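Trainee: My sequence and its experimental structure, below.
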Amino acid sequence: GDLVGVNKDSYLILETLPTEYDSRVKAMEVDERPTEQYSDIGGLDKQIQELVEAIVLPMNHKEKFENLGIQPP
Amino acid sequence: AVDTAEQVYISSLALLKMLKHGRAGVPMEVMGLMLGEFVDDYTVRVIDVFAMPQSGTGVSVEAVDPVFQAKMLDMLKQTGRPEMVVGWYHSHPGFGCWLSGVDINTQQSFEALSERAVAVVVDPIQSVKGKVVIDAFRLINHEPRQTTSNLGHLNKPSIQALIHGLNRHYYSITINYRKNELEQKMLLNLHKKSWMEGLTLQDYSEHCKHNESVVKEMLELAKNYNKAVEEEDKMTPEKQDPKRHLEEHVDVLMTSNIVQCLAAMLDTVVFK
Amino acid sequence: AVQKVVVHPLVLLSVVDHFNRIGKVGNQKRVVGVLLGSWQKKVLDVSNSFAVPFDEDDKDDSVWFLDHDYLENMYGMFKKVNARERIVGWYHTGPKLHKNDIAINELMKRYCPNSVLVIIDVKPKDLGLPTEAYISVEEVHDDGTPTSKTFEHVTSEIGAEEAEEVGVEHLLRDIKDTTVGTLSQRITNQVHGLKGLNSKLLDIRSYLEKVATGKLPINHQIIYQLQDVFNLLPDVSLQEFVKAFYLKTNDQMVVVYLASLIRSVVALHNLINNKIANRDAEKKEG
Ligand SMILES: [Zn+2]
């Protein structure tokens, strides 16, 4: 299940290729990187903290979770 | 002067070299050169053919390595072949004999090289079962060529190269094979039956099985041969089924039985 | 060892062309070239060959050119066009070996560990098998005879790849005799088989003449294999064999009876219809 470039007539593999998922799938990823600050959200501070501790903290550290032994959400 | 109906004699060695290289190249087109003599304005002789390395550029002028060609020519001159090169052949597997747009220009360069160099197209996958699809082409510069003889229309062109230009941009030249008596029955040794093969007694169990099957088929043929003769009344006067099928069956059965009996007998009396 | 070598049309046509090429101007008893082939199991398949600059002295039988660098770079270029074919064996056209040939084979062994030599007698156009194959052997002979650097026969035959097969058939087409040849070709093949058997038996006669008279050394080998051959004859006229032979011959006879009788019946059926048709035409004409 690998992507390889072969000879157009003799079909001999003469290149390996990076796996291509789909054009749409490549469209889904974010490249513009929007700029809305957390301070721009008002009143939702508790929910913001919930989402941050659920998502960002597993990204940044992974040590405070493993030191406990928890599976991050 | 202006060319004519002309002819091109290619030798047995050349033809086999071309066919072998083409069957090696399929499905990728391959090309090489033939050595020969411009013997006269009315025929061109080619003897021996050497293939040349298959570059990724495909069949083109760039595919002709000058170093390989030059040193191959030098070493053939040393080995005893001083034959100066006219003619290039290439393979078109899966489609008929015709000069593609690339081929037109390659032959234009080749003609500019000597003058009367001849292009050769071989289809190695259609040249099979005893038929060889070989053909040879030359480019035109009103009147395509001089028809001063009848040996120009002893052959017939083909529609494939007709649209691809068998008379339009290039013209096909009749192809002849200059085999000699020495190559004759030198090649024949390949299918030549050996004397032990001649005195071989086949296989008695298999021969009995063969007779068993053929006589039963004879019975089933005669069954409807009876009906055919019983409808002799000549309603709506009409070669399928009984008569000639019975003929071929009796012929093959009789010859097989006769030859087996004769071989068995000869072996019995001669071998002790 | 090597049990078989199969030789394709291309090499034999190439060596014929080489012989005509050299004998055209430089007529010489032989020409020498190099074969290319591949190995399946322990059988060898040879389809490629090129001429190499060669020279032999007339009688010194030790003086010889075979071109090293020419052989090497010609092989390199033939590998460039087709890399499957590697150097196996060398060919020459002389109908006879020479005391000088084993040196040629030893040189060729530098390029192939078990290089095999092939004699292709182009001039002969005779009974059969225009190719002879020989390997190099060096062994103690196991019987007290002095050991020697020797050539040993290996059986050879002609086989064709499909492209070479259509190529050869197309050229043979005009002189080609049919493969089936119901009666004529089969009877001629049996007569030719008797001819070949007689020729081989006469050759064995001449060998035994030379051995008994002493001008040829006793090989001990083969001659005892020849004695095994002589004890292998079946000795027909043993009674149960006679009974079986009569039974099978009678089966062939009844089968050919049926075929001949049906042939007579169909012949009569054509005859009667032809008579009816021509008589109908005659009656209508009036
Ligand atoms: Zn082309």
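Mentor: Yep, that arrived. Numbering: from 1, shown residues only, chains lettered A, B, ... in the order given.

Trainee: Now do stretch B:196-212: distance from first to last residue.
Mentor: In stretch B:196-212, first residue to last residue: 27 Å (C-alpha to C-alpha, to the nearest Å).

Trainee: Next, the buried residues of that stretch.
Mentor: Buried residues in stretch B:196-212, counted by 16 or more other C-beta atoms under 10 Å in any protein chain shown: B:198-199, B:207, B:210-211. The way it works is simple: take the backbone N, C-alpha and C, and place the C-beta from them, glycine included.

Trainee: Does whichever strand or helix holds residue B:45 reach chain C?
Mentor: For residue B:45, the host element (DSSP states H and E) is strand B:43-51. Yes: judged by C-beta under 8 Å from any C-beta of the partner chain, strand B:43-51 comes into contact with chain C at B:47-48, B:51.

Trainee: Which elements pack onto the strand or helix carrying residue B:70?
Mentor: If you go by DSSP H and E, residue B:70 is part of helix B:66-79. Taking 3 or more C-beta pairs under 8 Å, 6 or more residues apart in numbering or on different chains; DSSP states H and E as contact, the helices and strands that helix B:66-79 lies on are strand B:43-51, helix C:68-81.

Trainee: when you scan the longest one, is anything in it near chain B?
Mentor: Read that as helix C:68-81. Yes: interface with chain B: helix C:68-81 contributes C:70, C:73-74, C:77, C:80-81 (C-beta under 8 Å from any C-beta).

Trainee: Render the CA-only coordinates of whatever helix or strand comes next after that helix in CSV, please.
Mentor: Next helix or strand after helix C:68-81 toward the C-terminus (DSSP H and E): strand C:86-92. This file holds the C-alpha atoms of strand C:86-92, laid out as CSV (Å, rounded to 0.1, in the frame of the first residue of the first chain):
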residue,chain,number,x,y,z
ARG,C,86,27.0,-13.4,-20.3
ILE,C,87,30.0,-15.1,-21.8
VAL,C,88,29.6,-18.8,-22.0
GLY,C,89,31.7,-20.9,-24.4
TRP,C,90,33.5,-20.1,-27.7
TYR,C,91,32.7,-21.3,-31.2
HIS,C,92,34.9,-22.3,-34.1
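
Trainee: residues making contact with whichever helix or strand comes after strand C:86-92?
Mentor: Next helix or strand after strand C:86-92 toward the C-terminus (DSSP H and E): helix C:101-109. Contacting residues not belonging to helix C:101-109 are listed as C:32, C:34, C:62, C:64, C:66, C:87, C:89-90, C:92, C:115, C:117, C:136, C:149, C:151 [C-beta atoms under 8 Å, 6 or more residues apart in numbering or on different chains].

Trainee: and with 10 Å instead?
Mentor: For helix C:101-109, contacts defined as C-beta atoms under 10 Å, 6 or more residues apart in numbering or on different chains pick out C:30, C:32, C:34-35, C:54, C:56, C:61-64, C:66, C:68, C:71, C:87-90, C:92, C:94, C:98, C:112, C:115-117, C:119, C:134-136, C:148-151.

Trainee: So which of those are in strands?
Mentor: Mapping the contacts of helix C:101-109 onto strands (DSSP state E) picks out C:32, C:34-35, C:54, C:56, C:64, C:66, C:87-90, C:92, C:117, C:119, C:134-136, C:150-151.

Trainee: Using ChimeraX, make a named selection holding only the buried ones among the residues of strand B:43-51 next to chain C.
Mentor: Command for ChimeraX that selects the buried part of the residues of strand B:43-51 next to chain C, burial taken from 16+ other C-beta under 10 Å:
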select /B:47,48,51
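
Trainee: Nearest to residue A:61 among the residues of strand B:43-51 next to chain C?
Mentor: Nearest to residue A:61, judged by C-beta to C-beta, of the residues of strand B:43-51 next to chain C is residue B:51 at 67.3 Å.

Trainee: How about the closest residue to the ion within chain B: what's its closest non-neighbour residue?
Mentor: Proximity of chain B to the ion (C-beta to the ion) peaks at residue B:103, 3.9 Å away. Closest residue to residue B:103 apart from its sequence neighbours, by C-beta to C-beta, 6 or more residues apart in numbering or on different chains: residue B:119 at 6.5 Å.

Trainee: residue contacts, the one you found?
Mentor: For residue B:119, the contacting residues are B:31, B:87-90, B:99, B:103-104, B:106-108, B:110-111, B:135-139, B:170, B:172-173, by C-beta under 10 Å, 6+ apart.

Trainee: Could you give me the buried positions within stretch C:12-29?
Mentor: For stretch C:12-29, a neighbour-count test (16+ other C-beta under 10 Å) marks C:12-23 as buried.

Trainee: Return the member of these nearest to residue C:229.
Mentor: Closest to residue C:229 out of those is residue C:12 (30.2 Å), distances taken as C-beta to C-beta.

Trainee: Counting neighbours, what do you get for the residue in the stretch 1-150 of chain C that the ion sits nearest to?
Mentor: Residue of the stretch 1-150 of chain C nearest the ion, by C-beta to the ion: residue C:81 (18.1 Å). Burial of residue C:81, expressed as a neighbour count using other C-beta atoms under 10 Å in any protein chain shown, amounts to 19.

Trainee: For the nearest residue to it once chain neighbours are set aside, name its beta-bridge partners.
Mentor: Leaving aside its chain neighbours, residue C:81 sits nearest to residue B:51 (4.8 Å; criterion: C-beta to C-beta, 6+ apart). Beta bridges link residue B:51 to residue B:32, judged by DSSP bridges.
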